[PDB]
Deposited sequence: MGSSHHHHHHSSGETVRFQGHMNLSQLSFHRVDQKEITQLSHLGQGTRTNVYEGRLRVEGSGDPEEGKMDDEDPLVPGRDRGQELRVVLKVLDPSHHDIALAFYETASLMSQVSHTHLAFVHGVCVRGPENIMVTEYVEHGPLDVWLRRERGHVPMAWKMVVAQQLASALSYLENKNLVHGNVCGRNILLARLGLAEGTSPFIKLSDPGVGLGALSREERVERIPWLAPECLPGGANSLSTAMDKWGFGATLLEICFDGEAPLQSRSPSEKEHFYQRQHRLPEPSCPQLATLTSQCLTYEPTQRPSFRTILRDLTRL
């Protein structure tokens, strides 16, 4: 399970954004104060909150260099608050869009290897992340500067996919595995593939802009996502972004292929 955090120990600071049924804030935790990130769940039903706890538990009961730490959950009136690791530079997508055209291929390859690494760890433990996207990739060390390499940390997947509505699942296209449109570790290989494209297209994922019906139509008509600009990831993404879950490579394979 997960560690319990009293309301007294946490301080809510500036708003960083909104997740699926959550509001992300900067914050402090008394342990010596630590800079935390608070994911404040919306007033919710028992099934939604349980999906939130299950997510805390996944992140609490694991340990990897490229996985964000979960301090615990605080249960305050209608709100539940996940207390998570504060990462220096925040979401990757935001940064890649800000640094558009000035992000070198080697930088992107390091991020890929690191993301495949953390996802291979969850694979060997037979655990599903269920929300691999650029936003959920946080930059602990920036790596864009002469003589620097990036250091990423994969965020909690938020409210478990199982509790999400169809409308909510559609919003996750192109990262959402098409079999999840109507929970296997096979789903994270599609997420990894779609994120690999988002990284290549400097934080601009294909279909992001398109309408929910346009997005739903793409999956219904079994259409395939664009090819990455860099031909190094071209084979890997095509292998990952297959509609047949069994046809997706293992992260053990992906991790090997990335070293070449």
Deposited-sequence ranges lacking C-alpha coordinates, in sequence order = 1 to 27, 59 to 82, 234 to 238, 317
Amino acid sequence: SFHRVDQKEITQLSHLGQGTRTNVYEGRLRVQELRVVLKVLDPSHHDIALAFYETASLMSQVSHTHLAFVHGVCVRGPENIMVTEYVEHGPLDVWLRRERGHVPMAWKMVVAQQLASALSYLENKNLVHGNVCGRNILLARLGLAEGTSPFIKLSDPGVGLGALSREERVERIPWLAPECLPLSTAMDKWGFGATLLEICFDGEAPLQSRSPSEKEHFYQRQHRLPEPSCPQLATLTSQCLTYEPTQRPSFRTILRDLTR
From here on, numbers count along this sequence of modelled residues.
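The term rigid core refers to the maximal set of C-alpha atoms that superpose within 1.5 Å between the two forms.
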After core superposition, the stretch with larger RMS C-alpha deviation in 8 other deposited structures of this protein, comparing 134 to 142 and 71 to 79, is 71 to 79
Taking the other compared entries of this protein, do a third or more of them lack coordinates for residue 183?
-> yes
Within the set of other compared PDB entries, does residue 59 lack a model in a third or more?
-> no
Segment of higher mean CA temperature factor, 204 to 212 or 36 to 44 | 204 to 212
Comparing 222 to 230 with 195 to 203, where is the mean C-alpha B-factor higher?
-> 222 to 230
The residue of 114, 84, 124, 136 with the maximal C-alpha B-factor according to the PDB record is 124
Quick one: which of 91, 147, 174, 157 shows the highest Cα temperature factor in the PDB entry?
-> 147
Please place residue 76 in the lowest, middle or highest third of its chain by C-alpha B factor as given in the entry.
-> highest
Third of the chain's Cα B-factor distribution that residue 19 belongs to, per the entry = middle
Record-listed C-alpha B factor of residue 13: chain third | lowest
CA B-factor placement of residue 151, once the chain's modelled residues are sorted into thirds | lowest
What third of its chain, lowest, middle or highest, does the C-alpha temperature factor of residue 217 fall into?
-> highest
